[PDB]
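Just my_file-v4.csv here, CSV, C-alpha atoms:
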```csv
chain,number,residue,atom,x,y,z
A,21,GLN,CA,65.6,-27.7,-41.1
A,22,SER,CA,66.9,-24.5,-42.8
A,23,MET,CA,65.1,-25.7,-45.9
A,24,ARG,CA,61.8,-25.3,-44.1
A,25,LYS,CA,59.5,-22.5,-45.3
A,26,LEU,CA,58.9,-20.3,-42.3
A,27,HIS,CA,55.4,-19.3,-41.3
A,28,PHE,CA,53.8,-18.1,-38.1
A,29,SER,CA,51.0,-20.3,-36.7
A,30,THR,CA,47.6,-20.2,-38.3
A,31,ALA,CA,46.0,-21.5,-35.2
A,32,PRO,CA,45.0,-18.2,-33.6
A,33,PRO,CA,41.4,-17.5,-34.8
A,34,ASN,CA,41.8,-13.7,-35.1
A,35,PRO,CA,44.5,-11.0,-34.8
A,36,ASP,CA,43.7,-10.2,-31.1
A,37,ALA,CA,43.3,-13.8,-29.9
A,38,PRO,CA,45.6,-14.8,-27.1
A,39,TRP,CA,48.2,-17.4,-28.2
A,40,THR,CA,48.4,-20.7,-26.4
A,41,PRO,CA,51.8,-21.5,-24.9
A,42,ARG,CA,52.3,-24.0,-27.8
A,43,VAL,CA,51.7,-21.3,-30.4
A,44,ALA,CA,53.8,-18.7,-28.6
A,45,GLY,CA,56.7,-21.1,-28.5
A,46,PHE,CA,56.3,-22.0,-32.1
A,47,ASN,CA,56.2,-18.4,-33.3
A,48,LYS,CA,59.2,-17.6,-31.2
A,49,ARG,CA,61.2,-20.3,-33.0
A,50,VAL,CA,60.0,-19.1,-36.4
A,51,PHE,CA,60.9,-15.4,-35.7
A,52,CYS,CA,64.4,-16.3,-34.4
A,53,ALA,CA,65.0,-18.7,-37.3
A,54,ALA,CA,64.1,-16.0,-39.9
A,55,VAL,CA,66.3,-13.4,-38.4
A,56,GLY,CA,69.2,-15.9,-38.2
A,57,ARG,CA,68.8,-17.0,-41.8
A,58,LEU,CA,68.8,-13.4,-43.1
A,59,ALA,CA,71.8,-12.5,-41.0
A,60,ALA,CA,73.7,-15.6,-42.2
A,61,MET,CA,72.9,-14.7,-45.9
A,62,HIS,CA,74.0,-11.1,-45.6
A,63,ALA,CA,77.2,-12.0,-43.7
A,64,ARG,CA,78.1,-14.7,-46.3
A,65,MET,CA,77.6,-12.1,-49.0
A,66,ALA,CA,79.9,-9.7,-47.2
A,67,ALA,CA,82.5,-12.5,-46.7
A,68,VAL,CA,82.4,-13.4,-50.4
A,69,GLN,CA,83.1,-9.7,-51.2
A,70,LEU,CA,85.9,-9.5,-48.7
A,71,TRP,CA,87.4,-12.8,-49.9
A,72,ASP,CA,87.1,-11.8,-53.6
A,73,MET,CA,88.9,-8.4,-53.0
A,74,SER,CA,91.7,-10.1,-51.0
A,75,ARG,CA,92.1,-13.2,-53.2
A,76,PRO,CA,94.1,-15.2,-50.7
A,77,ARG,CA,96.2,-17.9,-52.3
A,78,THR,CA,98.4,-19.2,-49.4
A,79,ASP,CA,97.8,-20.3,-45.8
A,80,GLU,CA,99.8,-17.2,-44.8
A,81,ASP,CA,97.4,-15.0,-46.9
A,82,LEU,CA,94.5,-16.6,-45.1
A,83,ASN,CA,96.0,-16.0,-41.7
A,84,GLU,CA,96.3,-12.4,-42.6
A,85,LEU,CA,92.7,-12.2,-43.9
A,86,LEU,CA,91.4,-13.8,-40.7
A,87,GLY,CA,93.0,-11.0,-38.7
A,88,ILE,CA,91.2,-8.3,-40.5
A,89,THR,CA,87.8,-9.9,-40.9
A,90,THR,CA,85.1,-7.7,-39.3
A,91,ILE,CA,81.8,-8.2,-40.9
A,92,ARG,CA,78.8,-6.1,-39.8
A,93,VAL,CA,75.3,-7.0,-40.9
A,94,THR,CA,71.8,-5.7,-40.1
A,95,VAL,CA,68.5,-7.5,-40.4
A,96,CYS,CA,65.7,-5.0,-41.1
A,97,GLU,CA,62.8,-6.3,-43.2
A,98,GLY,CA,59.7,-5.2,-41.3
A,99,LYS,CA,56.5,-7.1,-42.2
A,100,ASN,CA,58.4,-8.9,-45.0
A,101,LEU,CA,60.7,-10.7,-42.6
A,102,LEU,CA,59.5,-14.3,-43.3
A,103,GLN,CA,59.0,-13.7,-47.0
A,104,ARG,CA,62.5,-12.5,-47.4
A,105,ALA,CA,63.9,-15.3,-45.3
A,106,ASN,CA,62.0,-17.9,-47.4
A,107,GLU,CA,63.3,-16.4,-50.7
A,108,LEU,CA,66.9,-17.2,-49.8
A,109,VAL,CA,68.8,-19.8,-51.7
A,110,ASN,CA,71.7,-21.9,-50.2
B,8,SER,CA,69.0,-5.5,-44.6
B,9,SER,CA,72.7,-5.3,-45.5
B,10,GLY,CA,76.1,-6.7,-44.8
B,11,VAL,CA,79.6,-5.1,-45.2
B,12,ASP,CA,83.2,-5.6,-44.1
B,13,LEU,CA,84.7,-2.7,-42.1
```
Could I get this file's structure written as structure tokens?
Amino acid sequence: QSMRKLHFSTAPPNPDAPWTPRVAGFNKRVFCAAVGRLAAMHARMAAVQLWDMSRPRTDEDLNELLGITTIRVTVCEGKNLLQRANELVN
Amino acid sequence: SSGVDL
């Protein structure tokens, strides 16, 4: 279900309406999913870069690369969080 | 958002 377009619930009638427990749970899952997807995408991009620069071509190369792999990513999309997460491919 | 290797 990482194909699924992420959207917060449309059930609350207005911006200040208290969420039902169902809606709160639903929105929590959507929030966390979006953050996770963006983090995965940026980390994979970093990994591709690191791999391409290293160009491992033996198991020994790969053992070495694993030892130095330290990938740092930040998710910071503000109000565009879901839009950005939905735009992702693969 | 961003991602980089050390």
Selection near residue A:100, 12 Å with all atoms listed in the file, sequence-local residues under 5 positions removed, as a VMD selection string: (chain A and resid 26 to 27 51 54 to 55 58 95 105 to 107) or (chain B and resid 8)
Can you list every residue of chain A that has an atom at most 9 Å from chain B, with its nearest atom pair and the distance in Å to one decimal, using only C-alpha atoms, ordered by chain then number, as a Markdown table?
```
| residue | atom | partner | partner_atom | distance |
| --- | --- | --- | --- | --- |
| A:58 | CA | B:8 | CA | 8.0 |
| A:59 | CA | B:10 | CA | 8.2 |
| A:61 | CA | B:10 | CA | 8.7 |
| A:62 | CA | B:10 | CA | 4.9 |
| A:63 | CA | B:10 | CA | 5.5 |
| A:64 | CA | B:10 | CA | 8.4 |
| A:65 | CA | B:10 | CA | 7.0 |
| A:66 | CA | B:11 | CA | 5.0 |
| A:67 | CA | B:12 | CA | 7.4 |
| A:69 | CA | B:12 | CA | 8.2 |
| A:70 | CA | B:12 | CA | 6.6 |
| A:88 | CA | B:13 | CA | 8.7 |
| A:89 | CA | B:12 | CA | 7.1 |
| A:90 | CA | B:12 | CA | 5.6 |
| A:91 | CA | B:12 | CA | 4.4 |
| A:92 | CA | B:11 | CA | 5.5 |
| A:93 | CA | B:10 | CA | 4.0 |
| A:94 | CA | B:8 | CA | 5.3 |
| A:95 | CA | B:8 | CA | 4.7 |
| A:96 | CA | B:8 | CA | 4.8 |
| A:97 | CA | B:8 | CA | 6.4 |
```
Å distance separating atom CA of residue A:21 from atom CA of residue A:53, one decimal place: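 Between atom CA of residue A:21 and atom CA of residue A:53 the gap is 9.8 Å.
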Distance in Å - atom CA of residue A:42 versus atom CA of residue A:22: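 According to the coordinates, atom CA of residue A:42 and atom CA of residue A:22 are separated by 20.9 Å.
Pairwise distance (atom CA of residue A:50, atom CA of residue A:23) equals 12.6 Å.
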Ref. answer, residues at most 10 Å from (51.4, -16.7, -38.0) with all atoms listed in the file, as a PyMOL selection string: chain A and resi 26-32+35+43-44+46-47+50-51+102
